């Protein structure tokens, strides 16, 4: 039924308090909210939603929602980034399935030991001591502990303690044996660069200083650079804009995204001072501003200062290109990648190798 909301929530939750939220909703909008707590709602939902019925909103712990999403029974949820930042990131992770958010997280639950302060002022720290405690309580006509033995949720914490688990999780990883430096897409893009060189649209010996000087003197119409370069263009005569990289074969250019980072030397005798400087001086609105006014940093990691920068169209363009690209890996094999690709590009642009032979050699260097 359109124009109202039906909600299902389990009978052990605060469904009367939720109903009070629904009354405020109606009072503000006229839309009636009905809260129900059917038994076995988590089993009924897939059966009724598959026929296009059921409630508008279903509450359960997240463990049930991947099965619902796999069957197409859930709408993708569409919160903007402002709303997403209101909730803890790990709670969104709990409701992501196949890369999409498929629920709103509400609350984080875990079992605890609940004890009667007047019967056991000092509750047992070990399971093994509970039988002796029970013996003393049984002479008083009491028992040490009772909990639900019918639902495995309640017995699982004991089963997992010494090593039981449900499914093993394999952390995300880069496959270092698998590299895309000599595939057809890489060759196509490098061939286009070499064809511009052959056509004398560019020169293979152009380096950072040559390109910067040419652009900042008004000799070339465009350049490719990062935020650190903007300060020198500000001081030049050139009125410049910052925008998306050109597309190739209709697809976006994909710049590697770098996070400028400050590491503390493991040999440093000043680790406490380094922490203080970085946390309490550099990573402040005022600290980042002092660096940024020298040479722009780009988008910054500090949420409070980034909010002040996001307005700048140069920063907007930086983040647009960043979102089309990829974060760099931090793995040790990244330097091998860069050394090999550097040689391949210089060899191909200078005619020391074909594009194919250059990128094949780079691929062999990186993976063998």
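Residue numbers count along the first chain shown, from 1.
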{"query": "No coordinates for residue 172 in a third or more of the other PDB entries", "finding": "yes"}
{"query": "Higher-scoring stretch by recorded Cα B factor average, 164 to 172 or 224 to 232", "finding": "164 to 172"}
{"query": "Between 192 to 200 and 81 to 89 (mean CA B-factor, as deposited), the higher", "finding": "81 to 89"}
{"query": "Candidate residues 134, 294, 109, 212, the one whose C-alpha B factor the record puts highest", "finding": "294"}
{"query": "Candidate set 255, 180, 72, 157 [ranked by C-alpha B-factor, highest]", "finding": "72"}
{"query": "Relative C-alpha B-factor of residue 100, binned into the chain's lowest, middle or highest third", "finding": "highest"}
{"query": "Assigned third (lowest, middle, highest) for the C-alpha B factor of residue 327", "finding": "highest"}
{"query": "CA B-factor placement of residue 219, once the chain's modelled residues are sorted into thirds", "finding": "highest"}
{"query": "Chain third (lowest, middle, highest) by recorded CA B-factor, residue given as residue 366", "finding": "middle"}
{"query": "Entry-reported Cα temperature factor of residue 42, expressed as the chain third it lands in", "finding": "lowest"}
